[PDB]
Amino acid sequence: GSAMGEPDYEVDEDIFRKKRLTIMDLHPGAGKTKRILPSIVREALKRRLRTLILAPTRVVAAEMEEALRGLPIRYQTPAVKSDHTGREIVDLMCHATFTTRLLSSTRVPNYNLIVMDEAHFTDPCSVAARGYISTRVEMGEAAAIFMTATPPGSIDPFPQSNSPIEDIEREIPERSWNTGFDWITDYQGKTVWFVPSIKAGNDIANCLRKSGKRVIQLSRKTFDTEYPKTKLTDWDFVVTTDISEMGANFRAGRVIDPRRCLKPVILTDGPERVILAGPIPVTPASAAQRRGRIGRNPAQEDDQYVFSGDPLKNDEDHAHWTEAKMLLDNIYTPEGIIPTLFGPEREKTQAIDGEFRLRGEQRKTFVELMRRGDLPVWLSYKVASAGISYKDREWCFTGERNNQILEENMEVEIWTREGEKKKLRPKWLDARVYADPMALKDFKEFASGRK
């Protein structure tokens, strides 16, 4: 038994048995990351198990380090510093980092125990990782624990909380507002506001600041400076992307959740391509995770979740289910077997088993395009599978007439590293590389041969 936030002395021996995959589906704020996890890691260390701990984001990694501080853990995330003797038998890294390692030249340690926090995360690397882990368990090579308040097959957007939550449906602004949204700025406590993009966040964040509100903006771009400020440190609003959707302990009073998101979609009608669809409603799991950021303190009983609209459970057109198979078809176990997707995540797309496996140089290029080229999984797969070498950018100019990329209604031109002027007209279209002007800027550098 346990008290006071401290990890339990008593840990179920069952969870360490090879072939055991344990699902810990406790509600948000139950203590998965900060109470249960450290008790498991302590017991793993006693059992001398080579252990891997996986966090979906640096926000979750940061939470874990708070819980695990003082224990012999090798942190393999920029979110955390620093040990490090090299003799640690416990590693901690992000979901996507692990999948990167699996696809790379370096081999992963043979972990006896794998702990995946937020094991519902629909990022394609996280899905592919779950495939690998459940295969390692099934083969009897490891024991694994999947922790999440919203396991796959979750439908309930309003789960149990530590403290009562007042759920309120209201219209929520997507852009700056002049008037008519007084409930936003009249609230006295601390608010966490989820935004679908950094750009949307910027606009909302500056609009709050002209009211004298202290606003902290959180995303992949500002995490390093700004996350400690959510901890130290008094503020009014956190305007955040989904970087904060899981695991965050903001000690806040209110969540504002427009329940909207853009979604990449693979289009099959005509030449295959990726578009950015929406904004569309979020999934029930995302809604529940976002809501879960409040009602976390039983001593604080008046927390609010302000949301707009219903969630949309059907995300079978989201490119992530295909992109997960593209990654997993190119991952192996030392015994030779290509992993299959974790059970509840099978047949989200229609197969085909091994359809995406790449041979020889094609696999290395595939990985390079993602890691060095910063290209999406789908686009990297398309280029690699065409037998194109990483440095060969001819494909950026040889697309059909319809594939010409426009910016401010003008045909995008590229000056190559050799000094040719060519119209940007890629053989494959993925909106993720051209929709946002910052993404387009990076894709232009790629096309130029400067990446």
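Here the rigid core means the biggest group of C-alpha atoms that line up within 1.5 Å when the two forms are laid on top of each other. The numbering used is simple: start at 1 and walk along the sequence shown.
Chemist: Please pick 89 to 97 or 225 to 233, whichever has its Cα atoms farther from the shown form in 4 other deposited structures of this protein after a rigid core fit.
Modeler: Looking at 89 to 97 versus 225 to 233 in 4 other deposited structures of this protein, the farther one turns out to be 225 to 233.
Chemist: Of 42 to 50 and 55 to 63, which one has the bigger average CA B-factor?
Modeler: Per the deposited B-factors, the answer is 42 to 50.
Chemist: According to the deposited model, is the average Cα temperature factor higher in 220 to 228 or in 126 to 134?
Modeler: Higher mean C-alpha B-factor in the PDB entry: 220 to 228.
Chemist: If you check the C-alpha B-factor for each of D329, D269, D257, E166 in the entry, which is highest?
Modeler: Largest recorded C-alpha B-factor: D269.
Chemist: Just grab whichever of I294, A287, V377, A79 has the top CA B-factor as deposited.
Modeler: The C-alpha B-factor peaks, among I294, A287, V377, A79, at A79.
Chemist: Would you mind ranking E345 by its C-alpha B-factor against the rest of the chain and naming the third, lowest, middle or highest?
Modeler: Its C-alpha B-factor belongs to the highest third of this chain's values.
Chemist: Place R425 in the lowest, middle or highest third of its chain's C-alpha B-factors, as listed in the PDB entry.
Modeler: Lowest third, going by the recorded CA B-factors of the chain.
Chemist: Classify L21 as lowest, middle or highest third according to the C-alpha B-factor given in the PDB entry, relative to its own chain.
Modeler: Middle third - that is where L21 ends up once the chain's C-alpha B-factors are sorted.
Chemist: Comparing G449 with the other modelled residues of its chain, is its CA B-factor in the lowest, middle or highest third?
Modeler: CA B-factor rank for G449: highest third.
Chemist: Place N249 in the lowest, middle or highest third of its chain's C-alpha B-factors, as listed in the PDB entry.
Modeler: Its C-alpha B-factor, which the entry lists for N249, ranks in the lowest third among residues of this chain.
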